[PDB]
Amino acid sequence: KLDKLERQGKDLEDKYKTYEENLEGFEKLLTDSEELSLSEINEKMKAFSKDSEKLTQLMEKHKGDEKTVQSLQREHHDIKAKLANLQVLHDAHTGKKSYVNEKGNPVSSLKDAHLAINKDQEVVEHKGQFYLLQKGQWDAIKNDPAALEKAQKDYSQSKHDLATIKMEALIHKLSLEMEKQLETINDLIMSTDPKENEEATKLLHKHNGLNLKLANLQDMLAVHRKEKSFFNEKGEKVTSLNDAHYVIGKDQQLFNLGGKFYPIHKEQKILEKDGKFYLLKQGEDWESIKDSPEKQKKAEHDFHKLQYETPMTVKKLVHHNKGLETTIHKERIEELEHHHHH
């Protein structure tokens, strides 16, 4: 459909403009976003609780299958963790917990909160030392260096947990906005008017724009949980998403082949031989695989697959894809416009 091609021009135009607008608004999002309302908190808790129950039922249906059940339990634990984080917010909204800053003084906004504490807890701060302990129990630990260390660890753990909660809260808020978009998209798809069908595609662009904000938060969360790390353009470790060009697992390395980074396991490497590339374990080499066409083919195939798991941050990936998509479209248009002339 030539006209579909011709339209792709503005379509890609609109898509990448929308993506870039969302990427640029990310920083402001962190500071200006609207808090979840209790109703939103309740909606997410209900949805996760239903998912939890479904997983439980599937575990029973698959009883005996250790591998399947273990997979289901991983998912269930993940949902249980999200529910417990939401429960903290619910508690804060109902007064069972209160937000405090780093000195243990109350603050209004989750944004300004360092910890959320219950009525049986207190925070003690002294010249940059921070302690979390049972309310009224300072005398029990004040002369015990091991117990003060425990109180400092507890403060840090709670602080870390609230930071997780803040990022998850922003995810849930954006998720609810995105779910509403999907209903409207369905309504538009029901139409026989091609103009409404086109509007659905434009709305999808805004939907995926919000998904880019989710994706940045998911990367920040992964690094915060010590599952992944950020790296700059030269592959040096950095602390902030703002300085990062790459994000990869702790169990991975940025392997430089031909001036490009491939994310592979630390126990792997890539071998180049006469224009072929092989993903191998550290202990293998050409001498070890030369007698086995099966090993060579598998290693080549495994190298080929690396392209499907980019190590780039969301912003860099979007820029990379823009270039590729634009180039392919321009090629198709150029062939269509010109080839028949000769």
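The numbering used is simple: start at 1 and walk along the sequence shown.
The stretch 116-124 shows the higher mean C-alpha B-factor when 182-190 is compared against 116-124 in the entry.
Averaged over Cα atoms, the B-factor as recorded in the entry is higher for 243-251 than for the other of 243-251 and 205-213. Of the candidates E102, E233, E168, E177, the one whose C-alpha carries the top B factor in the deposited record is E102. Ranking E300, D291, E43, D51 by the C-alpha B-factor listed in the PDB entry places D291 at the top. In the deposited entry, the Cα temperature factor of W138 places it in the highest third of its chain's modelled residues.
Among all modelled residues in this chain, the alpha-carbon of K150 has a temperature factor (C-alpha) in the highest third.
Compared with the other modelled residues of the chain, the Cα B-factor recorded for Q57 ranks in the middle third. In the deposited entry, the Cα temperature factor of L30 sits in the top third of values across the chain's modelled residues. In the PDB entry, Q87 places in the lowest third of its chain by CA B-factor.
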